[PDB]
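# Fold the following, please.
(chains A, B, C, D, E, F, G, H, I, J, K and L)
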Protein chains: 12
Amino acid sequence: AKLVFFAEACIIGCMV
Amino acid sequence: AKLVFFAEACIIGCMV
Amino acid sequence: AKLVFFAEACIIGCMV
Amino acid sequence: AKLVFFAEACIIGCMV
Amino acid sequence: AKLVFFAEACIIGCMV
Amino acid sequence: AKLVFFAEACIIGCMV
Amino acid sequence: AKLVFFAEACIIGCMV
Amino acid sequence: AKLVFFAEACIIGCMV
Amino acid sequence: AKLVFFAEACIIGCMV
Amino acid sequence: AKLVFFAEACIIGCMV
Amino acid sequence: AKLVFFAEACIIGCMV
Amino acid sequence: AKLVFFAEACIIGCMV
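Numbers count the residues shown, from 1 in each chain, chains lettered A, B, ... in the order given. What follows is the structure:
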(Lines give C-alpha, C1' and ligand atoms only; values in the text may rest on other atoms or scores of the structure.)
Protein backbone atom coordinates (compact mmCIF):
# COMPACT_ATOMS: atom_id res chain seq x y z
CA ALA A 1 0.00 0.00 0.00
CA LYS A 2 0.88 3.75 -0.11
CA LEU A 3 0.67 6.63 2.37
CA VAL A 4 -1.38 9.28 0.58
CA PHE A 5 -1.83 12.91 1.61
CA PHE A 6 -5.19 14.35 0.67
CA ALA A 7 -6.77 17.63 1.72
CA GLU A 8 -10.40 18.68 1.31
CA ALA A 9 -8.01 23.07 2.55
CA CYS A 10 -6.59 21.01 5.46
CA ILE A 11 -4.14 18.14 4.87
CA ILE A 12 -4.10 14.66 6.36
CA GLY A 13 -2.08 11.53 5.44
CA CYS A 14 -3.73 8.28 5.16
CA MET A 15 -2.66 4.72 4.39
CA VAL A 16 -4.58 3.42 1.30
CA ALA B 1 -0.46 30.45 -0.47
CA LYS B 2 0.70 29.83 3.14
CA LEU B 3 0.36 26.51 4.98
CA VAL B 4 -1.03 27.02 8.47
CA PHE B 5 -0.61 24.36 11.15
CA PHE B 6 -3.85 24.72 12.99
CA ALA B 7 -3.24 22.58 16.04
CA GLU B 8 -6.23 23.36 18.22
CA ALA B 9 -4.69 18.72 21.14
CA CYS B 10 -4.00 17.65 17.47
CA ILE B 11 -2.17 19.18 14.50
CA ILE B 12 -3.57 19.73 11.00
CA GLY B 13 -2.22 21.93 8.16
CA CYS B 14 -4.20 23.99 5.87
CA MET B 15 -3.62 26.93 3.54
CA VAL B 16 -4.67 30.65 3.35
CA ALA C 1 3.41 15.95 27.21
CA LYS C 2 4.27 13.78 24.12
CA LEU C 3 3.37 14.03 20.42
CA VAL C 4 1.66 10.79 19.47
CA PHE C 5 1.00 9.97 15.84
CA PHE C 6 -2.17 7.95 15.99
CA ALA C 7 -2.72 5.59 13.05
CA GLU C 8 -6.39 4.73 13.57
CA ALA C 9 -5.75 4.26 7.94
CA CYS C 10 -4.96 7.95 8.86
CA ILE C 11 -2.07 9.60 10.73
CA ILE C 12 -2.78 12.49 13.10
CA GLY C 13 -0.46 14.12 15.67
CA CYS C 14 -1.83 14.95 18.95
CA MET C 15 -0.57 16.38 22.24
CA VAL C 16 -1.28 13.74 24.97
CA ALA D 1 -7.10 16.96 -2.89
CA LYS D 2 -3.92 14.82 -2.97
CA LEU D 3 -0.42 16.11 -2.24
CA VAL D 4 2.06 14.91 -4.85
CA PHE D 5 5.79 14.91 -4.15
CA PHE D 6 7.12 15.77 -7.54
CA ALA D 7 10.82 15.16 -7.08
CA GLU D 8 12.15 15.44 -10.60
CA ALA D 9 17.26 15.83 -8.12
CA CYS D 10 15.02 17.90 -5.71
CA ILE D 11 11.67 17.33 -3.98
CA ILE D 12 8.63 19.62 -4.09
CA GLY D 13 5.00 18.88 -3.10
CA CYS D 14 1.99 20.00 -4.87
CA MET D 15 -1.68 19.03 -5.05
CA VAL D 16 -4.08 17.53 -7.68
CA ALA E 1 12.05 34.88 12.59
CA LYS E 2 9.62 32.12 11.44
CA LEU E 3 9.80 29.27 8.94
CA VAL E 4 6.82 29.82 6.64
CA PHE E 5 5.40 27.39 4.09
CA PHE E 6 3.88 29.07 1.06
CA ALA E 7 2.74 27.52 -2.20
CA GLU E 8 1.89 29.34 -5.44
CA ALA E 9 0.08 24.58 -6.21
CA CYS E 10 3.59 23.48 -5.10
CA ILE E 11 4.81 24.01 -1.53
CA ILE E 12 8.13 25.35 -0.29
CA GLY E 13 9.27 26.45 3.20
CA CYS E 14 11.12 29.58 3.64
CA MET E 15 12.68 31.46 6.55
CA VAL E 16 11.12 34.99 6.80
CA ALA F 1 9.68 10.83 -11.38
CA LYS F 2 7.45 10.93 -8.23
CA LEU F 3 8.31 10.06 -4.62
CA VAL F 4 5.77 7.81 -2.95
CA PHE F 5 5.63 6.82 0.68
CA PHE F 6 5.59 3.08 0.40
CA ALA F 7 3.93 0.83 2.94
CA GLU F 8 3.35 -2.83 3.63
CA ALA F 9 3.38 -1.67 8.65
CA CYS F 10 6.41 0.61 7.99
CA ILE F 11 6.61 3.51 5.56
CA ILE F 12 9.51 4.47 3.30
CA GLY F 13 9.86 7.12 0.58
CA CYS F 14 11.33 6.05 -2.58
CA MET F 15 12.08 7.26 -6.11
CA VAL F 16 10.08 6.06 -9.16
CA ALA G 1 -3.91 28.07 18.86
CA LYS G 2 -1.43 27.80 15.93
CA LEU G 3 1.93 25.98 15.74
CA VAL G 4 4.72 28.07 14.27
CA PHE G 5 8.19 26.94 13.35
CA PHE G 6 10.27 29.36 15.30
CA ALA G 7 13.71 30.48 14.20
CA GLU G 8 16.53 32.71 15.34
CA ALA G 9 19.77 29.46 12.96
CA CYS G 10 17.73 26.54 14.44
CA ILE G 11 14.02 25.89 14.02
CA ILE G 12 11.56 24.65 16.63
CA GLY G 13 7.77 24.19 16.56
CA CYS G 14 5.90 25.52 19.39
CA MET G 15 2.36 26.10 20.65
CA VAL G 16 0.77 29.59 20.78
CA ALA H 1 -2.72 2.02 16.90
CA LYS H 2 0.05 4.66 16.54
CA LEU H 3 3.14 5.37 14.47
CA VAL H 4 6.36 4.29 16.18
CA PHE H 5 9.76 5.59 15.07
CA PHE H 6 12.12 2.71 15.60
CA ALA H 7 15.88 3.34 15.84
CA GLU H 8 17.53 0.19 14.45
CA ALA H 9 21.34 4.05 13.84
CA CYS H 10 18.52 4.48 11.22
CA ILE H 11 14.96 5.69 11.85
CA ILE H 12 11.94 3.86 10.42
CA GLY H 13 8.31 4.75 11.25
CA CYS H 14 6.11 1.84 11.62
CA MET H 15 2.41 1.40 12.40
CA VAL H 16 2.11 -0.35 15.76
CA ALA I 1 15.25 2.27 20.83
CA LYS I 2 12.58 4.74 19.61
CA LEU I 3 12.41 8.37 18.54
CA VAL I 4 9.91 10.05 20.85
CA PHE I 5 8.52 13.54 20.35
CA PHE I 6 8.37 15.29 23.65
CA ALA I 7 6.10 18.28 24.12
CA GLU I 8 8.53 19.79 26.62
CA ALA I 9 4.85 23.74 24.74
CA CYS I 10 7.53 23.10 22.03
CA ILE I 11 7.97 19.86 20.10
CA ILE I 12 11.39 18.23 20.42
CA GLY I 13 12.23 14.68 19.21
CA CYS I 14 14.51 12.76 21.34
CA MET I 15 15.85 9.22 21.59
CA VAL I 16 15.09 6.61 24.31
CA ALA J 1 23.47 9.46 -2.55
CA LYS J 2 22.35 11.79 0.32
CA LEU J 3 19.31 14.05 0.83
CA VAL J 4 20.63 17.55 1.45
CA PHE J 5 18.30 20.27 2.66
CA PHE J 6 19.78 23.38 1.13
CA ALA J 7 18.94 26.63 2.94
CA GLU J 8 20.01 29.15 0.30
CA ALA J 9 15.85 31.87 3.07
CA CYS J 10 14.27 28.68 1.51
CA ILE J 11 14.62 24.96 2.28
CA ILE J 12 14.72 22.46 -0.59
CA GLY J 13 15.66 18.75 -0.51
CA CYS J 14 17.77 17.44 -3.18
CA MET J 15 19.43 14.15 -4.10
CA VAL J 16 23.24 14.81 -4.32
CA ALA K 1 26.50 13.63 15.93
CA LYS K 2 24.11 14.40 13.03
CA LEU K 3 21.03 12.85 11.45
CA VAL K 4 21.90 12.21 7.81
CA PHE K 5 19.39 11.21 5.15
CA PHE K 6 20.91 8.57 2.96
CA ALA K 7 19.51 7.94 -0.49
CA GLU K 8 20.46 4.27 -0.24
CA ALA K 9 16.67 5.09 -4.44
CA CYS K 10 14.84 5.18 -1.04
CA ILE K 11 15.32 7.85 1.63
CA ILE K 12 16.46 6.55 5.02
CA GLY K 13 17.67 8.79 7.91
CA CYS K 14 20.45 7.48 9.89
CA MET K 15 22.79 8.67 12.63
CA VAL K 16 26.56 9.35 12.36
CA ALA L 1 24.18 26.85 3.34
CA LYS L 2 22.17 23.73 4.33
CA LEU L 3 20.00 22.43 7.15
CA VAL L 4 21.90 20.23 9.60
CA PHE L 5 20.11 17.90 12.02
CA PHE L 6 22.22 17.92 15.13
CA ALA L 7 21.90 15.10 17.68
CA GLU L 8 22.70 16.69 21.06
CA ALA L 9 19.70 12.30 22.34
CA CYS L 10 17.47 15.10 20.85
CA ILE L 11 17.34 16.25 17.21
CA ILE L 12 17.45 19.94 16.28
CA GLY L 13 17.67 21.23 12.68
CA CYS L 14 19.84 24.16 12.28
CA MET L 15 20.85 26.32 9.31
CA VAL L 16 24.58 25.88 8.74
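# use CA for all of it now, contacts and neighbours both
OK.
# Spatially nearest residue to whatever residue of chain A ends up closest to chain B (excluding sequence neighbours)?
Nearest residue of chain A to chain B, counting by CA to the nearest CA: residue A:10, 3.8 Å away. Spatially, and ignoring its direct neighbours in sequence, residue A:10 is nearest to residue B:14 (3.8 Å; CA to CA, 6 or more residues apart in numbering or on different chains).
# same for whichever strand or helix holds that neighbour, what does it pack against?
Per DSSP states H and E, residue B:14 falls inside strand B:10-15. Under the contact criterion of 3 or more CA pairs under 8 Å, 6 or more residues apart in numbering or on different chains; DSSP states H and E, strand B:10-15 touches strand A:10-15, strand B:3-6, strand C:10-15.
# So what's the gap between the shortest one and the chain middle?
Using CA atoms, centre = their mean, to the nearest Å, the mean C-alpha position of strand B:3-6 is found 2 Å from that of the whole chain.
# In chain A, which residue sits closest to chain C?
With CA to the nearest CA, the shortest gap between chain A and chain C falls at residue A:14, namely 3.9 Å.
# Do I have it right that residue A:9 meets residue B:12?
No: at 10.1 Å, residue A:9 and residue B:12 do not qualify as touching, with contact defined as CA atoms under 8 Å.
# who has more neighbours, these two?
residue B:12 (18 against 12; other CA atoms under 10 Å in any protein chain shown).
# And the more buried one, how far from residue C:8?
For residue B:12, the distance to residue C:8 equals 15 Å [CA to CA, to the nearest Å].
# same question, residue A:15
Distance of residue A:15 to residue C:8, computed by CA to CA: 10 Å.
# Look through chain A and state the residue closest to chain H.
Nearest residue of chain A to chain H (CA to the nearest CA) works out as residue A:15 at 10.0 Å.
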